[PDB]
Amino acid sequence: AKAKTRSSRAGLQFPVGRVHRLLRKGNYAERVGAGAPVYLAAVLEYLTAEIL
DNA sequence: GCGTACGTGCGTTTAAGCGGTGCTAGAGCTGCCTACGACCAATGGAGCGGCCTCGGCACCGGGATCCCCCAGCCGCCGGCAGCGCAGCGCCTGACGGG
């Protein structure tokens, strides 16, 4: 078994891994969609790349 | 102090509102289908700490702006007093009239 981060798979730098945890444990819902954190990663990307 | 335009009020007139249909599309709904997301157990590399060295900025001193300021100055004009006189009423000629 060879591992690659979801961060690589979605062409993203913010940690779709870590952002996923803060949803599960951030008490925002009982269950978080598997495609939910990735979409949240990019929308931060465009909202961090834009200011800098 | 100016001044205009908006507050009040009269005379049209028109779209608001009611009350009346009649349609149907879209919401609420149940049943059932199924995949996908939680949970579990191992796993390793990515991320975070504790070092630790270069270099960007900091800090400075100096010289280069570059605005800020104000009489100088001329220019311009307005007021100003003086000037020359146009313009009108009555004075006053021209002269038969009074």
# chains A, B, ... in the order shown; residues from 1 in each chain; ligands from 1

call {"tool": "closest_atom_pairs", "arguments": {"of": "chain B", "to": "chain A", "cutoff": "10 Å", "atoms": "only C-alpha atoms (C1' of nucleotides)", "output": "Markdown table"}}
result
| residue | atom | partner | partner_atom | distance |
| --- | --- | --- | --- | --- |
| B:36 | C1' | A:34 | CA | 8.5 |
| B:37 | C1' | A:31 | CA | 7.3 |
| B:38 | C1' | A:31 | CA | 7.8 |
| B:43 | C1' | A:1 | CA | 9.4 |
| B:44 | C1' | A:3 | CA | 8.8 |
| B:45 | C1' | A:3 | CA | 9.3 |
| B:46 | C1' | A:5 | CA | 9.5 |

call {"tool": "atom_distance", "arguments": {"atom1": "atom CA of residue 36 of chain A", "atom2": "atom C1' of residue 48 of chain B"}}
result
26.3 Å
